[PDB]
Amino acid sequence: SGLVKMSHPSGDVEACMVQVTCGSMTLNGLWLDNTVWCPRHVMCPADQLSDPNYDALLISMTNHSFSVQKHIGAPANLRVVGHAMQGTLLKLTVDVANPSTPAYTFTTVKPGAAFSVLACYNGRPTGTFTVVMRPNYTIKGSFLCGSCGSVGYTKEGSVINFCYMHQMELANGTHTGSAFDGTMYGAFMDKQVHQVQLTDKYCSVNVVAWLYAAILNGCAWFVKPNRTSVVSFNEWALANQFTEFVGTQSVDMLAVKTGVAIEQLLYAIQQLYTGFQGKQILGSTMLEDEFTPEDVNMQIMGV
């Protein structure tokens, strides 16, 4: 198929990762300009994680409660000169600006969108992978104890858009974190209690992109002349655990390159949801929603 889970090269972000230690708890931080970001439950005692009072924990801290260390590249112990709490994140101001700060922005990812993750333990990057923000605001990641503060991002040009800081593993095997405005994705809360999670959905726009990728690879058995309008598909999706389809220029590019209209694939999805009739698509017998229209454009067509 030529489609793989492709992450951004992680070098620019590796040079920003630090270890943050507060008392007995230790995890990862992101060092940008004079600021280090990390999850606020690094303040919390390991025997108080269900019902922490983060406001009281904050009050009890000083600048000297925080130990910030960079082990990668040029090592350094960074002097914390200020501390603040924003939602589920701390902002630690340090006396040294990171000389390796890339051009960056902060942004929020939406369901169906993909981003790269740099998994870190004790301030050391250990691996990278890409995930899709699920419609229930979890990601299907690979995170163990000590991974919090691991960072997710996309890149536009030379600009890194940080969009995720890892916080938590849910009862199923999935994961969630905060955007860098400090709000948790999907109104989970960063406390060690059992929380209900929304039910997931198929990302319709991503299924469509994937079927275009099959067509680009010559696999078009599911294509028929029949069509389903976007309006009627979206009414259909609400009754069948799919997100509503919202067209983008990226999808339009796939339609023009293949001669297959979006509505034909929308009709195809309604049929394929009932069953693949034995046959498979790109080696799969189920619908796949982990590739975006941008991924198909980049990887198959170099756009």
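Note that residue numbering begins at 1 and tracks the sequence as displayed.
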Mean C-alpha B-factor comparison - 156-164 and 202-210, higher one = 156-164
So which stretch wins on mean C-alpha B-factor, 190-198 or 100-108?
-> 190-198
Residue set 256, 36, 262, 27, per-entry CA B-factor max assigned to 256
Among the candidates 131, 78, 144, 118, give the one with the maximum CA B-factor reported in the record.
-> 78
Would you check the entry's CA temperature factor for residue 222 and let me know if it's in the chain's lowest, middle or highest third?
-> highest
Classify residue 125 as lowest, middle or highest third according to the C-alpha B-factor given in the PDB entry, relative to its own chain.
-> middle
Would you check the entry's CA temperature factor for residue 61 and let me know if it's in the chain's lowest, middle or highest third?
-> highest
By the entry's values, the third containing the CA B factor of residue 15 is the middle
Third of chain Cα B-factors occupied by residue 44 | highest
